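These notes concern the structure reproduced below.
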Amino acid sequence: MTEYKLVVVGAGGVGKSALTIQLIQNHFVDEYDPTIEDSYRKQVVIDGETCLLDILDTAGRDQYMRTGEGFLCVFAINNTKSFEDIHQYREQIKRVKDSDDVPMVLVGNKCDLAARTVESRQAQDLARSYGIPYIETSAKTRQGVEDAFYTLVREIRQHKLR
Ligand SMILES: Nc1nc2c(ncn2[C@@H]2O[C@H](COP(=O)(O)OP(=O)(O)O)[C@@H](O)[C@H]2O)c(=O)[nH]1
């Protein structure tokens, strides 16, 4: 079985744990200890291929960035600061990876909220500038969660095939 090492990064509070748990347990967890950092695994079928996702839920290290094959760069659509922090996360990943093109997906979480401060178009354009996909999600309603992680796996698959 093919294993995919995924790393979820982003400012505190954007919903990294909630996203990971929703994927794994299919339910919305709030108030999850913000200081806990661990990896979660799930065997799934993506595009006819059975694989094992190994997801590191970061809490805030080039060590794990080095081992990671793909990265979910998450920000919250109602927190502009988390969006601008994306640049820094991507720079760190590229730095330790010594590569210009590392599998990455820009995730705009909390799309269920009405008070949006980051427009989808802004993120879309930034992602396009980075050459990566942009996917809006909601760990609360689960909208786009599977899309986010599965898209990253496909990015990794394509990266490996090159
Ligand atoms: N409305 C809404 N709140 C969310 C969503 N995802 C996470 N949260 C809330 O945001 C807070 C932080 O989430 P958490 O997963 O702990 O953030 P992290 O620090 O990135 O791991 C919690 O209070 C969650 O309940 C979401 O999609 N929608």
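By convention here, the chains of the structure tokens are called A, B, ... in the order presented, each chain's residues are numbered starting at 1, and ligands are numbered starting at 1 in the order presented.
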Go through the chains and note each residue within 10 Å of ligand 1, using only C-alpha atoms and all ligand atoms, then give the set as a PyMOL selection string. chain A and resi 8-22+28-37+57-60+74-78+82+108-114+136-145
Using DSSP on the backbone coordinates, identify the residues of chain A assigned to alpha helix (DSSP H); present them as a PyMOL selection string. chain A and resi 16-25+62-67+80-84+86-97+120-130+145-161
Distance CA of residue 104 (chain A)-CA of residue 64 (chain A), one decimal place?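 Computing it gives 14.7 Å between the two atoms.
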So which residues touch residue 51 (chain A) within 8 Å, counting only C-alpha atoms, skipping near sequence neighbours fewer than 4 positions away, as a ChimeraX atom specification? /A:1-4,43-46
Give me a file of those residues, with C-alpha atoms, as a short mmCIF file (atom, residue, chain, number, x, y, z; two decimals), in the first residue's frame.
data_model
loop_
_atom_site.label_atom_id
_atom_site.label_comp_id
_atom_site.auth_asym_id
_atom_site.auth_seq_id
_atom_site.Cartn_x
_atom_site.Cartn_y
_atom_site.Cartn_z
CA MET A 1 0.00 0.00 0.00
CA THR A 2 1.30 3.44 -0.90
CA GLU A 3 1.75 5.82 2.02
CA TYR A 4 1.41 9.59 1.75
CA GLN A 43 -6.55 4.05 4.84
CA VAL A 44 -8.59 5.33 1.92
CA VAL A 45 -9.22 4.75 -1.77
CA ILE A 46 -8.23 7.64 -4.03
#
Quick one: DSSP strand (DSSP E) residues in region 2-78 of chain A, as a PyMOL selection string? chain A and resi 2-10+38-46+49-57+70-76
Output C-alpha atoms for every residue in the selection just made, as a PDB file, in the first residue's frame.
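What follows is the written file part-v7.pdb:
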ATOM      1  CA  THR A   2       1.304   3.442  -0.897  1.00  0.00           C
ATOM      2  CA  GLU A   3       1.754   5.815   2.023  1.00  0.00           C
ATOM      3  CA  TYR A   4       1.413   9.593   1.751  1.00  0.00           C
ATOM      4  CA  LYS A   5       2.965  11.869   4.358  1.00  0.00           C
ATOM      5  CA  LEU A   6       0.791  14.977   4.637  1.00  0.00           C
ATOM      6  CA  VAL A   7       1.504  18.008   6.815  1.00  0.00           C
ATOM      7  CA  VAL A   8      -1.188  20.471   7.892  1.00  0.00           C
ATOM      8  CA  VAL A   9       0.205  23.915   8.711  1.00  0.00           C
ATOM      9  CA  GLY A  10      -1.262  27.318   9.473  1.00  0.00           C
ATOM     10  CA  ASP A  38       0.458  14.290  16.566  1.00  0.00           C
ATOM     11  CA  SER A  39      -0.096  12.343  13.372  1.00  0.00           C
ATOM     12  CA  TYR A  40      -3.282  10.592  12.351  1.00  0.00           C
ATOM     13  CA  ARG A  41      -3.575   7.811   9.814  1.00  0.00           C
ATOM     14  CA  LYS A  42      -6.408   6.669   7.572  1.00  0.00           C
ATOM     15  CA  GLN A  43      -6.546   4.046   4.836  1.00  0.00           C
ATOM     16  CA  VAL A  44      -8.594   5.333   1.923  1.00  0.00           C
ATOM     17  CA  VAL A  45      -9.220   4.746  -1.769  1.00  0.00           C
ATOM     18  CA  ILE A  46      -8.230   7.641  -4.031  1.00  0.00           C
ATOM     19  CA  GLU A  49      -5.651   3.406  -5.492  1.00  0.00           C
ATOM     20  CA  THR A  50      -5.814   2.149  -1.906  1.00  0.00           C
ATOM     21  CA  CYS A  51      -3.405   4.155   0.223  1.00  0.00           C
ATOM     22  CA  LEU A  52      -2.487   5.154   3.746  1.00  0.00           C
ATOM     23  CA  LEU A  53      -2.633   8.828   4.636  1.00  0.00           C
ATOM     24  CA  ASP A  54      -0.196   9.810   7.393  1.00  0.00           C
ATOM     25  CA  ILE A  55      -1.284  13.277   8.507  1.00  0.00           C
ATOM     26  CA  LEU A  56       0.800  15.413  10.849  1.00  0.00           C
ATOM     27  CA  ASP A  57      -1.440  17.890  12.650  1.00  0.00           C
ATOM     28  CA  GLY A  70       2.681  17.330   0.688  1.00  0.00           C
ATOM     29  CA  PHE A  71       1.398  20.325   2.658  1.00  0.00           C
ATOM     30  CA  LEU A  72      -2.024  21.770   3.447  1.00  0.00           C
ATOM     31  CA  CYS A  73      -1.480  25.484   4.016  1.00  0.00           C
ATOM     32  CA  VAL A  74      -4.554  26.548   5.931  1.00  0.00           C
ATOM     33  CA  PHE A  75      -5.893  29.992   6.789  1.00  0.00           C
ATOM     34  CA  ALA A  76      -9.351  31.036   8.006  1.00  0.00           C
TER      35      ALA A  76
END
Give me, as a Markdown table, each residue of region 72-109 of chain A that comes within 9 Å of region 156-162 of chain A, together with its shortest interatomic pair and the distance in Å at one decimal, counting only C-alpha atoms, with rows ordered by chain and rising residue number.
| residue | atom | partner | partner_atom | distance |
| --- | --- | --- | --- | --- |
| A:101 | CA | A:159 | CA | 8.7 |
| A:102 | CA | A:159 | CA | 7.9 |
| A:103 | CA | A:156 | CA | 5.5 |
| A:104 | CA | A:156 | CA | 8.4 |
Deliver the residues from the most recent selection as a file, using C-alpha atoms, as an mmCIF file, in the first residue's frame.
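In the end it all went to out.cif:
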data_model
loop_
_atom_site.group_PDB
_atom_site.id
_atom_site.type_symbol
_atom_site.label_atom_id
_atom_site.label_comp_id
_atom_site.auth_asym_id
_atom_site.auth_seq_id
_atom_site.Cartn_x
_atom_site.Cartn_y
_atom_site.Cartn_z
ATOM 1 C CA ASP A 101 7.670 23.146 -6.531
ATOM 2 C CA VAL A 102 6.586 21.086 -3.543
ATOM 3 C CA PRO A 103 3.089 19.532 -3.364
ATOM 4 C CA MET A 104 0.898 22.078 -1.625
#
